[PDB]
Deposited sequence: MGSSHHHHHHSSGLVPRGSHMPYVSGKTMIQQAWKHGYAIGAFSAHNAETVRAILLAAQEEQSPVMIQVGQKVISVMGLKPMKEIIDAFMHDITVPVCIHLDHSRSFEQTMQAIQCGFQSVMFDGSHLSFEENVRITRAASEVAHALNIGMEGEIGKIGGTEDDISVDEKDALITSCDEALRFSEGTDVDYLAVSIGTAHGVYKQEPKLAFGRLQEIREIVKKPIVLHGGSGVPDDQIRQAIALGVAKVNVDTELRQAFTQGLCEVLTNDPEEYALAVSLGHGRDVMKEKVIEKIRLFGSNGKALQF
């Protein structure tokens, strides 16, 4: 019921200078952890369904699991398809009522990225769905080559995405060496592109930086690994202290609770607590 468009949700966050957390879920406990956190914090949230889980559980199943856990949830929730490299898949998530989608054409040429992102964005706008795209390949944890201020402009204008993902120092996974953001590029994009920014790979970015990025117009911070670290630090404590504990409400329940904490941390860091 309290499913809110992602255009609406990112825009509000932007206008009022907070970022919304995009928390990747992989199963039931994780979905619930996320929804519990947000509710306890009176915070709007995005649940992210990404390519990894999609291959395990499936698109449609995972939407339905999220739907199942929304009964006592009064705060704004938006379901987001992450890193879709397929128009069909983008079209599928729309069809089962995702409230936001991201078509990632970063591995395609400028022309082709733009052509498909636009096609998917036209559909999303038609049905009131937040639309994300990416310009600039974001890696996964050796000179340097970031995203142009101009590339961004043209991409944004050509695709009419609601929120733009740029490559700006983040990467996917447990960071080897503390990275550093191009706060400068962010400044320029803020002024040129006049659109909210998405930071991929915010797991492992120092808090200082995150809040600095949110100040330069970042309104969506994706969180995946940090949450799985926490969930796994839970499974472990229990499982390596007592391996003969067979109650999944404890072993994975403690995985959940610890991950619930991690979300609340991030909600606060992003400053959305209070904002429902």
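Counting the deposited sequence from 1, the stretches lacking C-alpha coordinates are 1 to 20, 162 to 169, 305 to 307.
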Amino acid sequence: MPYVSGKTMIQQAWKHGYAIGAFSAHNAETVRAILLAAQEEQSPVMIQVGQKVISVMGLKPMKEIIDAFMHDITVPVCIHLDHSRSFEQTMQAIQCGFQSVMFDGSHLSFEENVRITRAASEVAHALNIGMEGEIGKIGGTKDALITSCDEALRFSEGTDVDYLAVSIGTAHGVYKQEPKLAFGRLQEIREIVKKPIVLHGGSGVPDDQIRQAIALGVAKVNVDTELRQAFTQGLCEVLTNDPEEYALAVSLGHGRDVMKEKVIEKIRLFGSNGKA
From here on, numbers count along this sequence of modelled residues.
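Look at the C-alpha B-factors of 95 to 103 and of 146 to 154. On average they run higher in 146 to 154. If you average the C-alpha B-factors over 86 to 94 and over 194 to 202, the higher value belongs to 194 to 202.
Annotation for 46, 38, 238, 219: 238 ranks highest, by Cα B-factor. Looking at the C-alpha B-factors along this chain, the one for residue 117 belongs to the lowest third. Residue 252: CA B factor lies in the highest third for its chain, per the PDB record. Annotation for residue 133: CA B-factor lies in the middle third of the chain's modelled residues.
Sort the modelled residues of the chain by CA B factor and residue 176 lands in the highest third. Among all modelled residues in this chain, the alpha-carbon of residue 245 has a temperature factor (C-alpha) in the highest third.
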